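Below is one structure, written out as structure tokens; comments come after it.
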Amino acid sequence: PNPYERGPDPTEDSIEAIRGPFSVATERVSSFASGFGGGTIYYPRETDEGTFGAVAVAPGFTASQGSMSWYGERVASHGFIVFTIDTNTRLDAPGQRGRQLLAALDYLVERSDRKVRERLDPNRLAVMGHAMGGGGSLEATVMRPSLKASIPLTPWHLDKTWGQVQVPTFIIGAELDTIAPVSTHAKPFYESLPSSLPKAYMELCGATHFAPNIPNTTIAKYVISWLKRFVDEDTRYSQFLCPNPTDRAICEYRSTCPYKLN
Ligand SMILES: [Ca+2]
Ligand SMILES: [Cl-]
């Protein structure tokens, strides 16, 4: 069987609930931690099903972990260790945010608490970020091709070409984004991603550049699904991903469906 499957069989209500089947504890990471600006480790408390994978969540330009805080309980309650991080400075560039996503992942694996270490499978790590943090999520996978999943949310980056990414990438964009317009960022990024890569692109109808900062079930249900499918190799969630979702909130959805099991 799949030794990484956690929780009951998924239903579209289970991927949409604010609280998943797991109960979450936290650990404050002080900013004096080396390589990044600290953050908050949300982790599941039930250890009887085995350890979990982890995702590091990066904020945007001039932002902090508060803008990403809702992902903490929302995602970790479904079977993941969620690290909402701060950056070294509020003004760090997307390339810097990739290093600090990896620096936070090193901290989970190498330096975190026994509470967190004992619940962590250090082989299953993912990245996710907002805006310049999303460009850092793309930068992180170029720097660490062994990452399991990458979710750039309304991503912003100068470089448009990611033709050597090997990590399954899920780019979410905002229809009315004029800070990182999807015609020049999100869609070019997704298009230049390898056509053989497990990848999807979800555009939210009438959303702004700051929609990933407000709780959104359309984002959460398919962020949880994408992590389940690629961090847990849990094909029970392939149903919600392939074929493409038809949600009313979604204005456009491209993908390399189906995501055959590698
Ligand atoms: Ca630091
Ligand atoms: Cl602090």
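Counting starts at 1 for both ligands and their atoms, following the listed order. Numbers for residues simply follow the sequence, beginning at 1. Heavy atoms only: backbone and side chains are in, while hydrogens, waters and symmetry mates are out.
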Taking both backbone and side chain into account, is any N, O or S atom of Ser31 nearer than 3.0 Å to the Ca ion (ligand 1)?
yes

For a distance under 3.0 Å, tell me if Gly38 has an N/O/S atom near the Ca ion (ligand 1).
no

Restricting to N/O/S atoms, is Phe32 within less than 3.0 Å of the Ca ion (ligand 1) or not?
no

Main chain of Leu176, side chain of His209: is a donor-acceptor contact present, judged purely on distance under 3.5 Å?
no

Please answer: with hydrophobic residues joined when any side-chain heavy atoms are less than 4.5 Å apart, are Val55 and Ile172 in the same cluster?
yes

Within the distance-only criterion (no hydrogens, no angle test), does the side chain of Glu27 pair as donor or acceptor with the backbone N or O of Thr40 below 3.5 angstrom?
no

Please test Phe189 against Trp156 for ring pair (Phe, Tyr, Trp, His ring centres under 6.0 Å), starting from the C-alpha separation and ending with a verdict.
CA-CA 9 Å; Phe189 302 159; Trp156 187 99; 8.7 Å; no

